[PDB]
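The chain that follows stands alone, in the form solved without this ligand, written as structure tokens.
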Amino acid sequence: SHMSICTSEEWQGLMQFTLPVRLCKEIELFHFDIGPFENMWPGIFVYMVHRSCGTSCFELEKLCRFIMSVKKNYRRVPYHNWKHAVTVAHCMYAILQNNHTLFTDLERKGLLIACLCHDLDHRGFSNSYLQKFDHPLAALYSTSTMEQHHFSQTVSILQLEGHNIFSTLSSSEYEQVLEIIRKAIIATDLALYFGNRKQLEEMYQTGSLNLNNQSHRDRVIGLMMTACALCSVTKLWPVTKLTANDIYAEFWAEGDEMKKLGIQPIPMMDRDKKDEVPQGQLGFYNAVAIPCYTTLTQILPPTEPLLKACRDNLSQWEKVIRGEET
């Protein structure tokens, strides 16, 4: 399937990697920023998998090959890259650690892997772009185009020799974890978030939400995936601000291509309309981020720190709009 594969030096190096003692405590916190520790990113993921799922959950050799090959199949784009993948996986780790027994062993291992793989082989182009210009991917995947591709990429990596970390699961559990991963990755398509959140909010307010109901579990997991995928808005302001720079760098490049195809891009993707960014961020926080973390906190009380951090960043964008930026 034209997948990149890690080298022996790469996965063997990870196998011997040891995570500094000081970071063990930091990694448990919601606001942890992996940014200053690039060389340790693969190791941080191994650590989280081991703490959440156990050191024997996966054959170590296979897990290290899987991780280093996943890294190699993320592209050098400004935002939807390897750093983003590990950042999202860490948010999931923090959510799971704080709500551990609400999720099964199968779900925790599937969700950590889904987060690491949720944007696999992203090229820096949105579903809007692929569908507007009839990219082959849009023909193959009519909706949630890039997300269906990310899942396909995930399965392709598992299919590489010695990379299938899930093979030791019974045939029933194997099928189940692949479905958990497929649904989780598809849920990262923000187009689906709006309806999912509205539904969950109503089930919560009316008291019909039932975690013993599979469809309800699927929706809760979907909201968790959205929360993790957007977690840059829950970091300390300087981190959130720096990440916004990368997000827009990617958007502006897409907008440049649209102009070449004769189409005016939306203002958010127009590098000649940067003055509109602060209000654009306000709109995103009000329509997507705040409601997401608000409903997540209602369903999973321990995730409240994400909501508090999101609210703090909304306030920061409001300060920018008032001309108080430093």
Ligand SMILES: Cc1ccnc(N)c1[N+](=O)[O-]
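Numbering starts at 1 and runs along the sequence shown.
The form solved in complex with this ligand exists for this protein as well; it is not shown, and the discussion that follows is about that form.
Every member of the trio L190, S232 and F251 reaches this ligand in the deposited bound form with some non-hydrogen atom inside 4.5 Å. Looking at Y79, you'd find a heavy atom of it within 4.5 angstroms of this ligand in the deposited bound form. Contact check for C57: every heavy atom lies farther than 4.5 Å from this ligand in the deposited bound form.
Interface residue remark: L106 is not counted as part of the site for this ligand in the deposited bound form, having no heavy atom within 4.5 Å. Remark: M268 counts among the residues lining this ligand in the deposited bound form, judged by a heavy atom distance of 4.5 Å or less. Proximity to this ligand in the deposited bound form, taken as a non-hydrogen atom within 4.5 angstroms, holds for one residue of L102, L137, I247, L158, which is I247. Exactly one of the stretches 280-288, 61-69, 33-41, 297-305 approaches this ligand in the deposited bound form with heavy atoms within 4.5 Å, and it is 280-288.
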